[PDB]
Amino acid sequence: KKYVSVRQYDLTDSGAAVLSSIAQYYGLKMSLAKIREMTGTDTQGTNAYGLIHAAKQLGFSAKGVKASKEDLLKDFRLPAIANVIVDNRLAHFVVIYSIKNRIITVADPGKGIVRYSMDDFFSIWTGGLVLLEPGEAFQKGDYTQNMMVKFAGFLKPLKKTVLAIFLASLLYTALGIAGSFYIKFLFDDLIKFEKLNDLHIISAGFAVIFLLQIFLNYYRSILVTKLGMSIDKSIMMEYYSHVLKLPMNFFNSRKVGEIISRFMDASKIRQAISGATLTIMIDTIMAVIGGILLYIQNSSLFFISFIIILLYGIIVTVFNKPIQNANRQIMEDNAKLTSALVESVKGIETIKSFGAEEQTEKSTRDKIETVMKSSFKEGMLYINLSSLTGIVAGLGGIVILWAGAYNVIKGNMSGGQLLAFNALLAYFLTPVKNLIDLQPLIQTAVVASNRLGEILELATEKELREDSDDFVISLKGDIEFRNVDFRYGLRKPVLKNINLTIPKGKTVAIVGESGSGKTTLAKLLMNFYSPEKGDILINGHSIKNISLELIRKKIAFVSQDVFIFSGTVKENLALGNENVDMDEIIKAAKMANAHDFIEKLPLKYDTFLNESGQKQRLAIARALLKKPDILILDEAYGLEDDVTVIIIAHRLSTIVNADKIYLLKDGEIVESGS
Amino acid sequence: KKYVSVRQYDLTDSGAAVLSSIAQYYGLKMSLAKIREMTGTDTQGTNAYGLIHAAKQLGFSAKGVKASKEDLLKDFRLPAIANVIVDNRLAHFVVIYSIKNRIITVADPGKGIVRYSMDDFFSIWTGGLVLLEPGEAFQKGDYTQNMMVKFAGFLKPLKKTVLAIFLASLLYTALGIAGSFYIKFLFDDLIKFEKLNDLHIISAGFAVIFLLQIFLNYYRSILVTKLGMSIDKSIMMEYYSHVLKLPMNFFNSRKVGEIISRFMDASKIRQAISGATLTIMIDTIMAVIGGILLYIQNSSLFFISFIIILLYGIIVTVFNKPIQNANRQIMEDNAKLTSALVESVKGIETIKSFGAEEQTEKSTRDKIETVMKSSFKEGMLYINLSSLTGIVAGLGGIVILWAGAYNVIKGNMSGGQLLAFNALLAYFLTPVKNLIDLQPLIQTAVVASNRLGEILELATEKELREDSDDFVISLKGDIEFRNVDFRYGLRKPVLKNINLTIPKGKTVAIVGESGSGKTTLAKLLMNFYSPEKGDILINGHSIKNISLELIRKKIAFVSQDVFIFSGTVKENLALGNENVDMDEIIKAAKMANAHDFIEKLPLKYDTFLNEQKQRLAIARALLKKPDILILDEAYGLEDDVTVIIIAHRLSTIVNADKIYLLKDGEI
Amino acid sequence: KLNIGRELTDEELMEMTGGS
Amino acid sequence: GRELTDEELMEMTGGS
Ligand SMILES: CCCCCCCCCCCCCCCC(=O)OCCCOP(=O)(O)OCC[N+](C)(C)C
Ligand SMILES: CCCCCCCCCCCCCCCC(=O)OCCCOP(=O)(O)OCC[N+](C)(C)C
Ligand SMILES: CCCCCCCCCCCCCCCC(=O)OCCCOP(=O)(O)OCC[N+](C)(C)C
Ligand SMILES: Nc1ncnc2c1ncn2[C@@H]1O[C@H](COP(=O)(O)OP(=O)(O)O)[C@@H](O)[C@H]1O
Ligand SMILES: Nc1ncnc2c1ncn2[C@@H]1O[C@H](COP(=O)(O)OP(=O)(O)O)[C@@H](O)[C@H]1O
């Protein structure tokens, strides 16, 4: 079978890509986003346990087996997952396929499919092997749609712009072709017969034709720019809205840059949707007309031009892949160099203390030299391609002139027809060249379309819920925990069996340990994460059966890492209010003992906030303004008697000792503390 | 008399830029980086106190005033500096030059010279008016130096690669000019008289000429690339090596991005040192020769081509400023949108908790539209430029063909000469086109060369160091502070008149809250910063009169903020020693009990670690063998005083030695 | 020499900010 | 030829 190699879309999904490659090899194709959701791919990477769990989900009978140096040459399962370590970095997942007297070309998701013969593979390969095997639950099918077809549906609303652009292109091509025959009339009738009167008329006519052509080009450019802008904005807003509607498992398993980088993928899709389609459907007809006209002028010169364009296309197609490979390596070296630079600049104190200026300088010099070597390789590939294209084009032009002169001498073609053919060459070479130049655009934009749209297939938070309602009054009753466990992805469990009961009151567990996970079950109570093997009861009959529009509405939270958004304090303190006046905000600040701080600012309640400047009190005011029934506090009045307060801290202080205190430490609560 | 406007090189040079503009107005030009250290510019910007202090140091008599909204109708001073709130989110410093009815001239470092209506100006002016007057001792003079010459001095080592490029370009131009007469020979001497054999001979000769031309183009393009890489590497290495020697004020007075981004300016400097100089040398002679040949062919066609290229030059150098302004506005809007996206993604928990998904979606939608507006602005400018250039080029070509045919009808000139002129037109229009297009490269690289030269002209740490003495004896005994007060720039003082003894070989500790600033004392001990007034004494021979190497080799300091460098743990633990190793660290592993922690990674290798951990820093300081050692929260050693441990909370260490409180309240 | 009115002081000049 | 323990199996880190 074909050695399918799925390539990474981000920097930390090697295991997901390898699992997708195995599934595709065995005949099962799925979105990579869903695959990495199944593997629990955190922002730090993926563990083998996640791959084992996800493979069994798809029906594979996975198994983690340790292997030794001589265990590579064994009659085990031919397609397998191997753990490798790249030069002076962390681990990495690759695929071994056949191992035929050499380590077969491994489907390395990072860089294409590299060979890695059996001379240095075992030097970078530990005994980490996964022995996948199809099972009963395996069901071959294609569970991902062609997402380029899903896009281009934004052309349908403004479909009158595409037609106008097509008509403008046709008129532009016709006018240019009509004006290309200036020299033929110039060098056959207007000069050979000395027609001074007709010369001015024909020149003015061709000038008017060219002016109309320029106006058509102007209009077409305006329309193309507007179409591209509209498609960009539509794709960007759709992706952003769907991301904002996504659950928290998606958000905490990716970096901010990783999520935001899909915004730059909305321009590549726009390119493939507008520019590629326009170029294809315009330049196809343009090239057909140009070829017909060239064959009308002279068959031999048309054949020569066809050979020229075939040679240019062959050269470009051959040089496409090495250019991409060289441009990938320069990015890695540049990233390494800038990482070294930033880590050296940030840690200037340590370098100065130990007098290591020269060592860091030498390391940076080595990094810069490697970057320059990669850049020179890329430049040399560009130079070779440009030289080959130049020799092809120049020899083609010279041979065209030579054969045209020979034909004119033989009497088979007019003198001005040679220059007419030369001028018409621009309408048969440029279209085919533009059509050939669509391979990088199409490939990169297909990759970008998959990358951007695999998120859009993810289920959001709203539709992941079960039935709801039957409890409309805001929850205020007793809180119960039923032996709930939480994994926080696919890592080691940190929420071993917990059972507790909070009967309203005002004070609950303050400290369990200095880093035991007191915030994580607070978020779990707020229904950010769904507990596994257990239920959360606030006597609202399995809160997972309550709408998020109320759960998030009547539960507060204030912690150390309070995030303040850039904006006026009036909006920030009352985010998402749409029913709150200035008096309510002032009162909420008053019971939060923060009105003095607000008045301390120059513009007071209209002061812009620069995300920095006490900021902790602001979240207290926001939570109090939310008017919740459960008000969770981390380390840091105006509240009703029947309002639950959590007051979680990190110091064994027992500030108030008002009510029962819990603590979890490592496992169960196993502490009454009442 | 000219309204001087100084562009700001970074995102926080507003006060420095306006003060430099004022200094240049009165005839005193100084390097900007030498100004945003007397102003005390920090990561958060400069205050009015910094501007006043720097003006006083420059000789300017400076004063501050909270001007009202009715006193602007007078003559305070002409070049006065004002504080304005740009948009409604950030503060900024501008220069108000002339006060006129409903029009005010404002030099804003971000934008340029702008005109604001008086009532329109009143909507953003939140009481600035720093008043500056020429002092009794204000000596004018140009204190900066040309930097393009300084970076062109990097070409002297390579005087046999530029010459080879020049010769290759000259012979390439000659071959192309010779080969452009193929069409003239074809349509004037061979087709007309039907010479078949001469056709083949001449075609083969011109094919050989073109092949030689391309071969000379392949060998010349490699040398240009090599020259560019050499110049870039030299500039980057020199800049980085000089930066790694600057004092600690430079590193904490600037963001990391403001230091890293100076690497990208080396590319611009190389582009206008190698590319611009080579183009100026080559294309000038190439255009002169091409114009000479065009005039030899026909005078009227040469005049028409000159008119065409002049119109193209005017059109190119009239759309110059609008394109730059549009690109700058697009960059600003893209930066704002990216910052909003980062804030929205990072604070997802607050948005989801408070149900602000639809509000933030609408807010981000209104920010993408603002980017699209400026993108369409640059698109309109580019399309107008392209349409005008295409009109000029096409109409000029048509007029050239028309006039050439008209001449061919007359006795002068011939059709073959017309085709030869059409071929030669590419060797006179392209050189002037390149010489006109060189302007943005020259401007951008002048800015870049200024940016790098400002840092490269800064005196290093060793340069400001005082003369050493014969105190090679290791620092040990009675660390004395005498009325020491410290400032972190021009901000509020952190230290004020602290005196303490630090008895030799004791367990002395200092206790205080977060705002006390004990790490400030620790950094002042290591000569990272110098005390504003006073000195530090260690049993005589005050700390300001001894070498820096002894300072850095004996005052090893470890705190909570541990930084692990990406590399070998052996090199990380023994950092900067470059001497005997691989054994002593083992004892340092045993002494600090770090051997157990590091003997668990299942590779026994460099342990890159991809950048708790205080133990590794502790073992790092053990190799230094320090006579003075400081801890924050993390022993043994010997009789020398190796514990100046910091203490934040009470009772963390109750009975070790004498305890110092904040501001040295009690011992 | 003032000629403007309401001269400021360092204690008040400090809180005046013209940063980013 | 031996299955990795649960503690060790999760120690098998992947990308980055
Ligand atoms: C949708 C796009 C369509 C674009 C089509 C535009 C075409 C406009 C071109 C008008 C100029 C036509 C002149 C071209 C003439 C030519 O290219 O060939 C035609 C055959 C006539 O023959 P002729 O040119 O006079 O040659 C000598 C014959 N004879 C006199 C010795 C007998
Ligand atoms: C919008 C962008 C357009 C750009 C194009 C710029 C080109 C503008 C140039 C127009 C000037 C055209 C004048 C051409 C004159 C010419 O090309 O003329 C040839 C000389 C032969 O004429 P001559 O023998 O010198 O005597 C004849 C005198 N007289 C008997 C007519 C009085
Ligand atoms: C929409 C219009 C676009 C036109 C773009 C033209 C750009 C401006 C250029 C003006 C035309 C000048 C170029 C033509 C040069 C030329 O061709 O020169 C004409 C004057 C000589 O006229 P003349 O020698 O008196 O010929 C008389 C012959 N006859 C009538 C007696 C038979
Ligand atoms: N961003 C995260 N990625 C992975 N694990 C996390 C993350 N945040 C918390 N945890 C888990 O939570 C536990 C520690 O919780 P912690 O943040 O200390 O709670 P608290 O601050 O209330 O003590 C750890 O075992 C860790 O596995
Ligand atoms: N990067 C910096 N730039 C300017 N000032 C600083 C910087 N870091 C600390 N400071 C100054 O140090 C003081 C805080 O000292 P801190 O480090 O909290 O003391 P401690 O060591 O007791 O925690 C602040 O008043 C601040 O002005």
# chains A, B, ... in the order shown; residues from 1 in each chain; ligands from 1
$ residues_near_ligand --ligand "ligand 5" --cutoff "8 Å" --atoms "only C-alpha atoms and all ligand atoms" --output "list in words"
residues 42, 43, 252, 253, 487, 488, 489, 491, 492, 493, 494, 512, 513, 514, 515, 516, 517, 518, 519, 520, 646 and 648 of chain B
$ residues_near_ligand --ligand "ligand 4" --cutoff "12 Å" --atoms "only C-alpha atoms and all ligand atoms" --output "PyMOL selection string"
chain A and resi 40-45+248-249+251-255+486-496+509-524+558-561+632-635+646-651+663-667
$ residues_near_ligand --ligand "ligand 1" --cutoff "12 Å" --atoms "only C-alpha atoms and all ligand atoms" --output "number ranges by chain"
A: 166-189, 202, 206, 209, 282-283, 285-298, 411-421, 424, 427
$ closest_atom_pairs --of "chain B" --to "ligand 2" --cutoff "12 Å" --atoms "only C-alpha atoms and all ligand atoms" --output "Markdown table"
| residue | atom | partner | partner_atom_place_in_ligand_line | distance |
| --- | --- | --- | --- | --- |
| B:298 | CA | ligand 2 | 19 (C) | 9.1 |
| B:299 | CA | ligand 2 | 20 (C) | 8.6 |
| B:300 | CA | ligand 2 | 17 (O) | 5.4 |
| B:301 | CA | ligand 2 | 17 (O) | 6.8 |
| B:302 | CA | ligand 2 | 17 (O) | 10.0 |
| B:303 | CA | ligand 2 | 9 (C) | 7.7 |
| B:304 | CA | ligand 2 | 7 (C) | 4.9 |
| B:305 | CA | ligand 2 | 7 (C) | 7.2 |
| B:306 | CA | ligand 2 | 6 (C) | 8.5 |
| B:307 | CA | ligand 2 | 6 (C) | 5.6 |
| B:308 | CA | ligand 2 | 6 (C) | 5.1 |
| B:309 | CA | ligand 2 | 6 (C) | 8.8 |
| B:310 | CA | ligand 2 | 6 (C) | 9.3 |
| B:311 | CA | ligand 2 | 4 (C) | 7.3 |
| B:312 | CA | ligand 2 | 4 (C) | 8.9 |
| B:314 | CA | ligand 2 | 2 (C) | 11.8 |
| B:315 | CA | ligand 2 | 2 (C) | 10.8 |
| B:387 | CA | ligand 2 | 1 (C) | 11.0 |
| B:388 | CA | ligand 2 | 1 (C) | 8.2 |
| B:389 | CA | ligand 2 | 2 (C) | 8.6 |
| B:390 | CA | ligand 2 | 2 (C) | 8.9 |
| B:391 | CA | ligand 2 | 2 (C) | 5.9 |
| B:392 | CA | ligand 2 | 2 (C) | 3.9 |
| B:393 | CA | ligand 2 | 4 (C) | 6.8 |
| B:394 | CA | ligand 2 | 2 (C) | 7.7 |
| B:395 | CA | ligand 2 | 3 (C) | 4.8 |
| B:396 | CA | ligand 2 | 5 (C) | 3.9 |
| B:397 | CA | ligand 2 | 5 (C) | 7.6 |
| B:398 | CA | ligand 2 | 5 (C) | 8.1 |
| B:399 | CA | ligand 2 | 7 (C) | 6.1 |
| B:400 | CA | ligand 2 | 7 (C) | 7.5 |
| B:401 | CA | ligand 2 | 17 (O) | 9.7 |
| B:402 | CA | ligand 2 | 17 (O) | 7.9 |
| B:403 | CA | ligand 2 | 17 (O) | 4.4 |
| B:404 | CA | ligand 2 | 17 (O) | 7.0 |
| B:405 | CA | ligand 2 | 17 (O) | 9.1 |
| B:406 | CA | ligand 2 | 19 (C) | 6.7 |
| B:407 | CA | ligand 2 | 19 (C) | 5.7 |
| B:408 | CA | ligand 2 | 21 (C) | 9.3 |
| B:409 | CA | ligand 2 | 21 (C) | 9.5 |
| B:410 | CA | ligand 2 | 24 (O) | 7.3 |
| B:411 | CA | ligand 2 | 24 (O) | 8.4 |
| B:412 | CA | ligand 2 | 24 (O) | 7.7 |
| B:413 | CA | ligand 2 | 21 (C) | 9.9 |
$ write_last_selection --atoms "C-alpha atoms" --output "mmCIF file, in the first residue's frame"
data_model
loop_
_atom_site.group_PDB
_atom_site.id
_atom_site.type_symbol
_atom_site.label_atom_id
_atom_site.label_comp_id
_atom_site.auth_asym_id
_atom_site.auth_seq_id
_atom_site.Cartn_x
_atom_site.Cartn_y
_atom_site.Cartn_z
ATOM 1 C CA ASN B 298 17.341 59.213 -33.345
ATOM 2 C CA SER B 299 17.099 62.443 -31.363
ATOM 3 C CA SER B 300 13.301 62.775 -31.294
ATOM 4 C CA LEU B 301 12.727 59.218 -30.056
ATOM 5 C CA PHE B 302 15.369 59.753 -27.367
ATOM 6 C CA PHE B 303 13.592 62.949 -26.293
ATOM 7 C CA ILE B 304 10.270 61.088 -26.158
ATOM 8 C CA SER B 305 11.838 58.343 -24.029
ATOM 9 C CA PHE B 306 13.339 60.970 -21.715
ATOM 10 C CA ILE B 307 9.895 62.558 -21.350
ATOM 11 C CA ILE B 308 8.430 59.122 -20.576
ATOM 12 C CA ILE B 309 11.006 58.382 -17.885
ATOM 13 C CA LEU B 310 10.638 61.882 -16.406
ATOM 14 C CA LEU B 311 6.864 61.432 -16.145
ATOM 15 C CA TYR B 312 7.385 58.015 -14.551
ATOM 16 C CA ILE B 314 7.424 62.325 -11.138
ATOM 17 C CA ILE B 315 4.558 59.859 -10.691
ATOM 18 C CA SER B 387 -2.878 52.803 -13.524
ATOM 19 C CA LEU B 388 -0.906 56.034 -13.953
ATOM 20 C CA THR B 389 2.342 54.150 -14.608
ATOM 21 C CA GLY B 390 0.651 51.843 -17.112
ATOM 22 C CA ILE B 391 -0.970 54.776 -18.905
ATOM 23 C CA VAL B 392 2.386 56.544 -19.164
ATOM 24 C CA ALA B 393 4.271 53.440 -20.317
ATOM 25 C CA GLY B 394 1.718 52.316 -22.899
ATOM 26 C CA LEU B 395 1.092 55.776 -24.331
ATOM 27 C CA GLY B 396 4.837 56.365 -24.505
ATOM 28 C CA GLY B 397 5.388 53.100 -26.348
ATOM 29 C CA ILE B 398 2.594 53.895 -28.797
ATOM 30 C CA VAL B 399 3.949 57.417 -29.366
ATOM 31 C CA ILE B 400 7.454 56.013 -29.875
ATOM 32 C CA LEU B 401 6.179 53.563 -32.495
ATOM 33 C CA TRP B 402 4.135 56.323 -34.161
ATOM 34 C CA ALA B 403 7.053 58.764 -34.364
ATOM 35 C CA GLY B 404 9.426 56.018 -35.492
ATOM 36 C CA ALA B 405 7.113 55.037 -38.335
ATOM 37 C CA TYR B 406 6.708 58.708 -39.268
ATOM 38 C CA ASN B 407 10.494 59.078 -39.402
ATOM 39 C CA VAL B 408 10.788 55.882 -41.468
ATOM 40 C CA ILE B 409 8.408 57.443 -43.999
ATOM 41 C CA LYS B 410 10.833 60.365 -44.215
ATOM 42 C CA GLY B 411 14.420 59.950 -45.372
ATOM 43 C CA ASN B 412 15.951 59.777 -41.899
ATOM 44 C CA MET B 413 16.073 56.537 -39.892
#
$ residues_around --residues "residue 311 (chain A)" --least-positions-apart "4" --cutoff "12 Å" --atoms "only C-alpha atoms" --output "JSON list (two decimals) with C-alpha atoms, in the first residue's frame"
[["chain", "number", "residue", "atom", "x", "y", "z"],
["A", 304, "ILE", "CA", 8.21, 26.72, -30.85],
["A", 305, "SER", "CA", 6.33, 28.85, -28.30],
["A", 306, "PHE", "CA", 4.50, 25.76, -27.02],
["A", 307, "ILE", "CA", 7.85, 23.99, -26.57],
["A", 315, "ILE", "CA", 11.68, 23.54, -14.90],
["A", 316, "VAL", "CA", 9.30, 25.21, -12.44],
["A", 317, "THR", "CA", 7.62, 21.92, -11.50],
["A", 318, "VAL", "CA", 10.99, 20.24, -10.94],
["A", 388, "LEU", "CA", 17.43, 28.02, -16.22],
["A", 389, "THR", "CA", 14.29, 30.08, -16.84],
["A", 390, "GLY", "CA", 16.40, 32.87, -18.34],
["A", 391, "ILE", "CA", 18.27, 30.62, -20.75],
["A", 392, "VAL", "CA", 15.01, 28.95, -21.79],
["A", 393, "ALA", "CA", 13.23, 32.26, -22.43],
["A", 395, "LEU", "CA", 16.89, 30.91, -26.46],
["A", 396, "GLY", "CA", 13.19, 30.63, -27.23],
["A", 429, "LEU", "CA", 2.84, 32.78, -22.53],
["A", 432, "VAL", "CA", -0.07, 29.49, -19.22],
["A", 433, "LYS", "CA", 2.65, 30.82, -16.90],
["A", 436, "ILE", "CA", 1.44, 26.89, -13.92]]
$ atom_distance --atom1 "CA of residue 593 (chain A)" --atom2 "CA of residue 562 (chain A)"
17.2 Å
$ interface_residues --of "chain B" --to "chain A" --cutoff "7 Å" --atoms "only C-alpha atoms" --output "JSON, numbers by chain"
{"B": [89, 191, 194, 203, 207, 214, 218, 229, 237, 241, 244, 256, 342, 343, 345, 346, 347, 353, 354, 355, 356, 357, 359, 361, 365, 372, 387, 391, 395, 398, 402, 405, 409, 552, 553, 563, 575, 576, 608, 610]}
